[PDB]
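Asks: This is the structure I have questions about; it appears just below.
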Amino acid sequence: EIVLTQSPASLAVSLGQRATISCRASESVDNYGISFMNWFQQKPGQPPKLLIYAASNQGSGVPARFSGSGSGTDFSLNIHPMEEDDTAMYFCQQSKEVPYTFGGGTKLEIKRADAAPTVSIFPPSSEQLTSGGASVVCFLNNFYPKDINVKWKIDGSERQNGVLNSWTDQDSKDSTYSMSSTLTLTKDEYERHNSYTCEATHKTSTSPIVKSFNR
Amino acid sequence: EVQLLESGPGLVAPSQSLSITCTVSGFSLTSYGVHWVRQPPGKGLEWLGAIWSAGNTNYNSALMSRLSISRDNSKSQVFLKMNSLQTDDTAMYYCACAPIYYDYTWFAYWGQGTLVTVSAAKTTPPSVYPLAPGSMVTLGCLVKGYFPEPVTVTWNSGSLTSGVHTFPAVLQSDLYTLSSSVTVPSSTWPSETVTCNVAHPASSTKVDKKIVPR
Amino acid sequence: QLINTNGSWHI
């Protein structure tokens, strides 16, 4: 069938600049004088939204800055000028004949200036301690770029075990990321120690941002 | 108003079968094709097949032998059935529609999708814990030890939307954990109530946790 | 006018 090869896999574009995504088909998707090439945008937690149909026609609710072009086997989606809400996954799709097929997708994000995280730490809740578990939570909010390191310490000694990390998708308004880091111990081990510390190292500061508390 | 809604089993044991119903309104099935699309977590869209306005069907080339699509026009329902699911079949499953014309409504209307997890692990409700601290103040909600995905988190029944981050769930020992943070002006908390609202449909769990100062 | 009632486009 008609295989669609979508390029790039991912890229980041700064505000006001141009994002160019390409879709090449293994054979022509033209018939009856038109190209059966469609483009979709997909935001986190949402179904895809139609952007472009018939290679170059804009769907309902689709801003002028999204433009489709091409014919035959070579197609492009251009987004210019890039805006914050355009961070998303993008897919091409051919509908010339069965089976209908999709390109592999492009993750398009915003390139923006560095921003330091805002760090907060949370002791285990009284509710959780009753169940014999103890989770310590560190939020690192609204930073850029996505790369960041969290080091946990218990009574001053690094703890690289029982830690789970999770990043949000890029924010659609300020283009930042956030991350949660959760250290989970048995209640018995938690009650054995005093100081719990989350250290956030990010390219925006010489020294870590440190949040800490005593049990 | 064109609308589609998937109903699926949520959790499927390996080698068992999958049945999803797409219920539609605002259009007649005899005038539309209804298409099935799936998306493995973090991966791309895959066209599974369609039942066209005429009532015939077509399928994905590689999956055709495991797939069956049918419809009940009187009930405005389209059905997907898939045989012997394996871990590779874990995915969000969507229905979408397109008329007999090629125009701006081409795949313009989708269901919200239903997540199908292929696993023999046990459905487990979450434990929900409030995260209070030890100008602006940040609070949280810890949603621990549930299976399968998804959960929904809101703050103050949705009235509190700005300053909210809900972090993707992470799997450990066949149980998911996620957290949500919300940042509000310190003048409003604890003077005003802040409550996370958590739902885990698979276990029919619904719970509110007020964030109270320690 | 393109029409697709059965999986194939025709005019």
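Identifiers in this document derive from the order of the structure tokens: chains are assigned A, B, ..., residues are numbered from 1 separately in each chain, and ligands are numbered from 1 in order of occurrence.
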Using only C-alpha atoms, I'd like every residue of chain C that has an atom within 8 Å of chain B; please write them out as a PyMOL selection string.
Replies: chain C and resi 1-7
Asks: Check every residue of chain C for an atom within 8 Å of chain A, counting only C-alpha atoms, and provide those that qualify as a VMD selection string.
Replies: chain C and resid 7 to 9 11
Asks: Measure the distance from CA of residue 10 in chain A to CA of residue 118 in chain A in Å and round it to one decimal.
Replies: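 Those two atoms sit 27.1 Å apart.
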Asks: Within 8 Å of chain B, which residues belong to chain A? Use only C-alpha atoms and report them as a short mmCIF file (atom, residue, chain, number, x, y, z; two decimals) with N, CA, C and O atoms, in the first residue's frame.
Replies:
data_model
loop_
_atom_site.label_atom_id
_atom_site.label_comp_id
_atom_site.auth_asym_id
_atom_site.auth_seq_id
_atom_site.Cartn_x
_atom_site.Cartn_y
_atom_site.Cartn_z
N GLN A 46 -6.00 14.55 23.50
CA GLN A 46 -7.07 14.92 22.59
C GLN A 46 -7.01 14.04 21.35
O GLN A 46 -5.94 13.55 20.98
N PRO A 47 -8.14 13.83 20.69
CA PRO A 47 -8.11 13.24 19.35
C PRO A 47 -7.48 14.20 18.37
O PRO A 47 -7.44 15.41 18.62
N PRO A 48 -7.00 13.69 17.23
CA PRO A 48 -6.47 14.58 16.20
C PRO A 48 -7.54 15.53 15.67
O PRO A 48 -8.74 15.24 15.69
N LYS A 49 -7.08 16.69 15.19
CA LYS A 49 -7.91 17.71 14.56
C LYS A 49 -7.47 17.85 13.11
O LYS A 49 -6.26 17.97 12.84
N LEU A 50 -8.42 17.85 12.19
CA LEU A 50 -8.09 18.09 10.78
C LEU A 50 -7.56 19.51 10.56
O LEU A 50 -8.23 20.49 10.92
N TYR A 53 -6.97 19.42 4.09
CA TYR A 53 -7.45 18.34 3.24
C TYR A 53 -7.15 18.70 1.80
O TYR A 53 -6.97 19.87 1.45
N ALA A 54 -7.07 17.67 0.96
CA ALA A 54 -6.77 17.85 -0.47
C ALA A 54 -5.49 18.66 -0.67
O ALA A 54 -5.42 19.55 -1.52
N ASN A 57 -6.16 22.71 1.18
CA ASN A 57 -7.38 23.36 1.63
C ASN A 57 -7.45 23.33 3.15
O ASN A 57 -7.16 22.30 3.76
N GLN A 58 -7.82 24.45 3.75
CA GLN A 58 -7.77 24.58 5.20
C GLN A 58 -9.10 24.18 5.83
O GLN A 58 -10.18 24.53 5.35
N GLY A 59 -9.02 23.42 6.92
CA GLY A 59 -10.21 22.99 7.60
C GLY A 59 -10.86 24.10 8.40
O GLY A 59 -10.33 25.21 8.58
N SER A 60 -12.04 23.79 8.93
CA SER A 60 -12.70 24.73 9.80
C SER A 60 -11.86 24.97 11.05
O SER A 60 -11.30 24.03 11.63
N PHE A 91 0.49 14.85 11.94
CA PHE A 91 0.44 13.63 11.13
C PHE A 91 -0.08 13.94 9.74
O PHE A 91 -1.08 14.65 9.59
N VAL A 98 -7.78 2.60 -0.42
CA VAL A 98 -7.64 1.73 0.74
C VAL A 98 -6.38 0.89 0.58
O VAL A 98 -6.03 0.51 -0.55
N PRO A 99 -5.66 0.57 1.67
CA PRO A 99 -5.97 1.09 3.01
C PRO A 99 -5.49 2.52 3.18
O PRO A 99 -4.47 2.91 2.63
N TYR A 100 -6.26 3.32 3.91
CA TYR A 100 -5.78 4.64 4.26
C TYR A 100 -4.61 4.49 5.22
O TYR A 100 -4.56 3.55 6.02
N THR A 101 -3.65 5.40 5.12
CA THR A 101 -2.41 5.28 5.87
C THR A 101 -1.99 6.64 6.41
O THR A 101 -2.31 7.68 5.84
N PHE A 102 -1.23 6.59 7.50
CA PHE A 102 -0.70 7.76 8.18
C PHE A 102 0.83 7.77 8.13
O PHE A 102 1.48 6.72 8.18
N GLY A 103 1.39 8.97 8.05
CA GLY A 103 2.80 9.15 8.35
C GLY A 103 3.08 8.91 9.82
O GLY A 103 2.18 8.85 10.66
N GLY A 104 4.37 8.76 10.15
CA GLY A 104 4.79 8.37 11.48
C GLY A 104 4.69 9.45 12.53
O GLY A 104 4.83 9.16 13.72
N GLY A 105 4.45 10.68 12.10
CA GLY A 105 4.26 11.79 13.02
C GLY A 105 5.50 12.64 13.19
O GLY A 105 6.64 12.18 13.02
N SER A 120 9.21 22.89 44.83
CA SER A 120 8.50 22.74 46.09
C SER A 120 8.57 21.28 46.54
O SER A 120 8.59 20.36 45.72
N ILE A 121 8.62 21.09 47.87
CA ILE A 121 8.76 19.76 48.45
C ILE A 121 7.59 19.48 49.38
O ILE A 121 7.08 20.38 50.06
N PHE A 122 7.14 18.21 49.40
CA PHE A 122 5.98 17.83 50.20
C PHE A 122 6.24 16.57 51.01
O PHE A 122 6.56 15.51 50.44
N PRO A 123 6.12 16.63 52.33
CA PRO A 123 6.28 15.43 53.16
C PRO A 123 5.15 14.45 52.93
O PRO A 123 4.09 14.81 52.37
N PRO A 124 5.33 13.19 53.35
CA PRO A 124 4.23 12.23 53.30
C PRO A 124 3.02 12.74 54.07
O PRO A 124 3.15 13.35 55.14
N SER A 125 1.84 12.48 53.53
CA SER A 125 0.60 12.86 54.18
C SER A 125 0.33 11.93 55.36
O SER A 125 0.76 10.78 55.39
N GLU A 127 -2.46 10.62 55.93
CA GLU A 127 -3.24 9.52 55.38
C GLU A 127 -2.35 8.40 54.88
O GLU A 127 -2.64 7.22 55.11
N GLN A 128 -1.26 8.73 54.18
CA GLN A 128 -0.43 7.68 53.61
C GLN A 128 0.34 6.94 54.70
O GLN A 128 0.51 5.72 54.63
N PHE A 139 8.04 18.95 43.33
CA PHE A 139 7.61 19.53 42.06
C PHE A 139 8.67 20.51 41.57
O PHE A 139 9.16 21.34 42.34
N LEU A 164 10.91 7.99 41.25
CA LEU A 164 10.24 8.01 39.96
C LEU A 164 10.03 9.44 39.50
O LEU A 164 9.57 10.29 40.28
N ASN A 165 10.34 9.72 38.23
CA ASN A 165 10.28 11.06 37.68
C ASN A 165 9.29 11.11 36.52
O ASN A 165 9.12 10.13 35.79
N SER A 166 8.61 12.24 36.37
CA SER A 166 7.65 12.39 35.28
C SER A 166 7.60 13.84 34.82
O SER A 166 7.48 14.75 35.65
N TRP A 167 7.68 14.05 33.50
CA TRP A 167 7.62 15.37 32.90
C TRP A 167 6.26 15.62 32.26
O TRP A 167 5.69 14.71 31.64
N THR A 168 5.78 16.85 32.36
CA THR A 168 4.64 17.26 31.55
C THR A 168 5.05 17.51 30.10
O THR A 168 6.22 17.72 29.78
N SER A 178 7.35 21.07 33.24
CA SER A 178 7.37 20.83 34.67
C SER A 178 7.69 19.35 34.88
O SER A 178 7.52 18.54 33.98
N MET A 179 8.17 19.02 36.07
CA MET A 179 8.47 17.63 36.36
C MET A 179 8.17 17.36 37.82
O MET A 179 8.31 18.23 38.67
N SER A 180 7.72 16.14 38.09
CA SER A 180 7.53 15.68 39.45
C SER A 180 8.58 14.62 39.74
O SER A 180 8.93 13.82 38.86
N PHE A 213 13.13 19.32 54.36
CA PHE A 213 12.35 19.38 55.58
C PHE A 213 12.83 18.29 56.52
O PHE A 213 13.53 17.36 56.11
#
Asks: Neighbouring residues of residue 155 in chain B were defined as those with any atom within 8 Å, considering only C-alpha atoms; residues of the same chain fewer than 6 positions away were excluded. Please report them as JSON, numbers by chain.
Replies: {"B": [161, 182, 194, 195, 196, 197]}
Asks: Just write the chosen residues, C-alpha atoms, as a JSON list (two decimals), in the first residue's frame.
Replies:
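File produced: selection_4.json:
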[["chain", "number", "residue", "atom", "x", "y", "z"],
["B", 161, "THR", "CA", -7.74, 25.40, 36.00],
["B", 182, "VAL", "CA", -1.81, 23.60, 41.53],
["B", 194, "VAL", "CA", -8.78, 23.76, 47.58],
["B", 195, "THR", "CA", -9.83, 20.19, 46.75],
["B", 196, "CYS", "CA", -8.59, 17.70, 44.17],
["B", 197, "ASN", "CA", -11.24, 15.52, 42.52]]
Asks: CA of residue 200 in chain B to CA of residue 146 in chain B: how many Å, to one decimal?
Replies: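 Here the two named atoms are 8.2 Å from each other.
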Asks: Quick one: everything within 7 Å of residue 121 in chain B, counting only C-alpha atoms, minus sequence neighbours fewer than 2 positions away in the same chain. Send it as an MDAnalysis selection string.
Replies: chainID B and resid 119 123 174
Asks: So how far away is CA of residue 9 in chain A from CA of residue 108 in chain A, in Å?
Replies: 8.6 Å
Asks: What's around residue 71 in chain B at 9 Å? Count only C-alpha atoms, leave out sequence neighbours fewer than 3 positions away in its own chain, and write the answer as a PyMOL selection string.
Replies: chain B and resi 29+51+55+75-80
Asks: Write out as a PyMOL selection string the residues lying within 7 Å of residue 38 in chain A, counting only C-alpha atoms and excluding same-chain residues fewer than 6 positions away.
Replies: chain A and resi 52-55+92-94
Asks: Could you give me, as a count of residues only, each residue of range 13-113 of chain A that DSSP assigns to strand (DSSP E or B) when run on this structure's backbone?
Replies: 53
Asks: In terms of the shortest atom-to-atom distance over only C-alpha atoms, which of A:145, A:156, A:117, A:33 is closest to residue 10 in chain C?
Replies: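 Using only C-alpha atoms, the shortest distance to residue 10 in chain C belongs to A:33.
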Asks: Need to verify the contact set: residue 155 in chain A, 12 Å, only C-alpha atoms, exclusion of same-chain residues closer than 2 positions in sequence. Can you return it as a PyMOL selection string?
Replies: chain A and resi 152-153+157-159+189-198+212-215
